[PDB]
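J.: No sequence on hand, only this structure:
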Ligand SMILES: [Ca+2]
């Protein structure tokens, strides 16, 4: 059976304000509002948290039973919908450890993992996969492209006990690999020898012998060691929405934190998969109704 650590779909009207907590680190944070937007799959179902104010920082968070991903898979899933035609704005989530003051959440609050799309002009159009490791928030070496249109898109991060990850957009893989490879967590395995130097007596000839070419010998880095527990965090307790938007209107929906890939895939088919086709159809009616 799959452990559902967190599931949020905003289905019981206003009762979401009991689960979600507004930060007070700043006086002028933006308002989140329950909304399904101007076009949708289903009026009631596709209701989520919409950013309501232009040029504002955002800070809302939801807590759940503290758990650890030690020895098991972690899956973070949600849908983002940039209904506004977004110029610049984050669409990512943050997973925090235990002992976060929800009422004090800001950009510098120490998180475990940040995952999701970030857009700022044509220049920045990427999915962030950031792990907190030994005091450093390390960004993925892989350039993953985020979605920029007005429709709902599903973002999924899978993290496994064997230090492997996967990123899915719309239930299809876009990036894959191992944590050690696609981030710079560890020091390089093979440094150059700090005890060696040329040979001004080195002979670069093969005249008609003593040969080779001077390649500075590499040794094992004494301060390198494998870390099998990179994937592992001692506690996740809070999912935070900590963002900056210029043009507001982004709807977040269908959050899932789980330990099961199959369930996350199935839940995605059951949520984004149900939305996308009725959503596209409604926009097409509004757009042809705008022209003709
Ligand atoms: Ca919903």
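T.: Now that the structure is in, tell me what you want to look at. Numbers count the residues shown, from 1 in each chain.
J.: For the closest residue to the ion within the stretch 51-200 of the chain, give its distance to residue 129.
T.: Scanning the stretch 51-200 of the chain for the residue nearest the ion gives residue 79, at 8.5 Å (criterion: CB to the ion). No exception for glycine: its C-beta is placed from N, CA and C like everyone else's. Remark: distance between residue 79 and residue 129 (CB to CB, to the nearest Å) = 18 Å.
J.: Please apply the same query to residue 59.
T.: According to CB to CB, residue 59 stands 21 Å off from residue 129.
J.: And residue 138, by the same measure?
T.: For residue 138 relative to residue 129 (CB to CB), the value is 9 Å.
J.: so what's residue 244 closest to, chain neighbours aside?
T.: residue 57 (5.4 Å; CB to CB, 6 or more residues apart in numbering).
J.: That neighbour contacts residue 241, doesn't it?
T.: No. Judged on CB atoms under 8 Å, residue 57 makes no contact with residue 241 at a distance of 10.9 Å.
J.: Flag every residue of this structure that's near the ion.
T.: Counting by CB under 5 Å from the ion, the positions of the chain adjacent to the ion are 9-10, 47-48, 253.
J.: Residue 131 touches residue 179, doesn't it?
T.: Yes. Between residue 131 and residue 179 there is a contact at 7.2 Å, judged by CB under 8 Å.
J.: where do the contact lists of those two overlap?
T.: Common neighbours of residue 131 and residue 179, counting by CB atoms under 8 Å, 6 or more residues apart in numbering, are 185, 230.
J.: and residue 243, what element?
T.: According to DSSP states H and E, residue 243 maps onto strand 236-245.
J.: What's the first helix or strand after that strand?
T.: strand 250-258.
J.: Which strands border that following strand, and is each parallel or antiparallel?
T.: If you go by DSSP bridges, strand 250-258 pairs up with strand 4-8 (antiparallel), strand 48-51 (antiparallel), strand 74-82 (antiparallel).
J.: who's the residue of the stretch 151-292 of the chain found nearest the ion bridged to?
T.: Residue nearest to the ion within the stretch 151-292 of the chain: residue 253 (4.5 Å; CB to the ion). For residue 253, the beta-bridge partners under DSSP bridges are residue 79.
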